[PDB]
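Read through the structure below, which is laid out as structure tokens, and then see the notes.
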Protein chains: 2
Amino acid sequence: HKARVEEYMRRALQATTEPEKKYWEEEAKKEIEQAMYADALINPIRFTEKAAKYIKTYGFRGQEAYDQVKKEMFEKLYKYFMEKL
Amino acid sequence: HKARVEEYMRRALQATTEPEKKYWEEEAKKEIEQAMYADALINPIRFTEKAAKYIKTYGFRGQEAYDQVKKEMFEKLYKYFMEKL
């Protein structure tokens, strides 16, 4: 994961158009989210507690990724419990 | 919720066949689960932390209900994160 993000950011800085820069930054975001999906597969609640560890590894892009993963998983749970009611 | 469970247990003790007893005990279980679905709609993580409060209100039947709700929601999350990987 970490090595893949560095290559993506190596490509984003090399780029001179905002389309390519955003493309590679989104590749980096999606790679980080894959790391979080694996942690949440084993323990979703611990995932919601590891925001600090993700920020240490991935910086602000890690915050962005964590926020999206967390948000989409609570939207799934919301829909789930509305159905059960 | 609490009043509905008491009526269900009023019916279960009045019954003399194990089919009716189990039916009313399951009605009580399902009513308790409706209370938990509403708490988890607002905050699923707090739901996983309220086991003690459910036991105080509903006793062993509350433990049974909490265990089923918790188990089925982690099975949903497991399937969810497997898809995302």
Side-chain angles (χ1 to χ4, degrees), chain A residues 1-8 22-55 57-58 60-85, chain B residues 1-8 22-55 57-58 60-85:
Chain A
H1 299 316
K2 167 134 172 173
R4 260 187 216 135
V5 172
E6 319 244 341
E7 167 64 11
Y8 292 155
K22 300 285 174 243
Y23 167 81
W24 292 112
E25 274 134 49
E26 170 69 15
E27 277 325 87
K29 198 195 190 177
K30 286 176 328 179
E31 182 62 23
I32 295 163
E33 292 182 338
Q34 286 298 313
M36 299 158 179
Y37 296 140
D39 295 321
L41 180 79
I42 300 172
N43 194 336
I45 289 185
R46 286 182 183 178
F47 158 76
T48 69
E49 308 169 337
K50 231 209 287 203
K53 166 110 198 121
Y54 296 130
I55 304 331
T57 314
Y58 301 108
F60 145 88
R61 170 182 315 114
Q63 187 69 254
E64 223 202 337
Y66 169 91
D67 284 340
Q68 182 177 20
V69 177
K70 202 168 74 82
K71 159 184 181 296
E72 286 173 22
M73 154 200 110
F74 282 124
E75 291 177 324
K76 190 82 188 167
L77 290 168
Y78 191 97
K79 268 198 75 174
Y80 171 79
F81 287 113
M82 202 66 78
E83 201 261 5
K84 302 234 158 315
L85 285 160
Chain B
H1 299 316
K2 167 134 172 173
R4 260 187 216 135
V5 172
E6 319 244 341
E7 167 64 11
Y8 292 155
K22 300 285 174 243
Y23 167 81
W24 292 112
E25 274 134 49
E26 170 69 15
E27 277 325 87
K29 198 195 190 177
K30 286 176 328 179
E31 182 62 23
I32 295 163
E33 292 182 338
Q34 286 298 313
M36 299 158 179
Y37 296 140
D39 295 321
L41 180 79
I42 300 172
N43 194 336
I45 289 185
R46 286 182 183 178
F47 158 76
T48 69
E49 308 169 337
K50 231 209 287 203
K53 166 110 198 121
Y54 296 130
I55 304 331
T57 314
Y58 301 108
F60 145 88
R61 170 182 315 114
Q63 187 69 254
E64 223 202 337
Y66 169 91
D67 284 340
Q68 182 177 20
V69 177
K70 202 168 74 82
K71 159 184 181 296
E72 286 173 22
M73 154 200 110
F74 282 124
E75 291 177 324
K76 190 82 188 167
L77 290 168
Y78 191 97
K79 268 198 75 174
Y80 171 79
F81 287 113
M82 202 66 78
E83 201 261 5
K84 302 234 158 315
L85 285 160

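A note on names: the letters A, B, ... follow the listed sequences, proteins ahead of strands, and every chain is numbered from 1. Below, each value reflects all heavy atoms present in this structure, side chains not excepted, and no hydrogens, waters or symmetry copies.
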Exercise. Which answer fits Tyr78(A), side chain, backbone, both or neither, if we ask what part of it has an atom under 4.5 Å from a heavy atom of chain B?
Worked result: both
For this session: Kindly check if the number of other-residue, nucleotide or ligand heavy atoms within 6.0 Å of NZ (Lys30(A)) is above 12?
Result: yes
For this session: Measure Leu77(A) against the heavy atoms of chain B and call it side chain, backbone, both or neither at under 4.5 Å.
Result: side chain
Problem set entry | Spacing of CG belonging to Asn43(A) relative to CZ belonging to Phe81(B), to within rounding of 0.5 Å | 10.5 Å
Problem set entry | Donor-acceptor contact present, side-chain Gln34(B) to main-chain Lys84(A), <3.5 Å | yes
For this session: May I ask you to check whether over 12 heavy atoms, not counting those of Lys76(A), lie within 6.0 Å of atom NZ?
Result: no
Problem set entry | Heavy-atom pair count under 4.5 Å with chain A, highest-scoring of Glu33(B), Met73(B), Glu72(B) | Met73(B)
Exercise. Do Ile45(B) and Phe74(A) have side-chain heavy atoms sitting under 4.5 Å apart?
Worked result: yes
For this session: Evaluate side-chain contact (heavy atoms from CB on, under 4.5 Å) for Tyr37(A) paired with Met82(B), printing each intermediate quantity in order.
Result: CA-CA 8 Å; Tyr37(A) 296 140; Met82(B) 202 66 78; over 6 Å; no
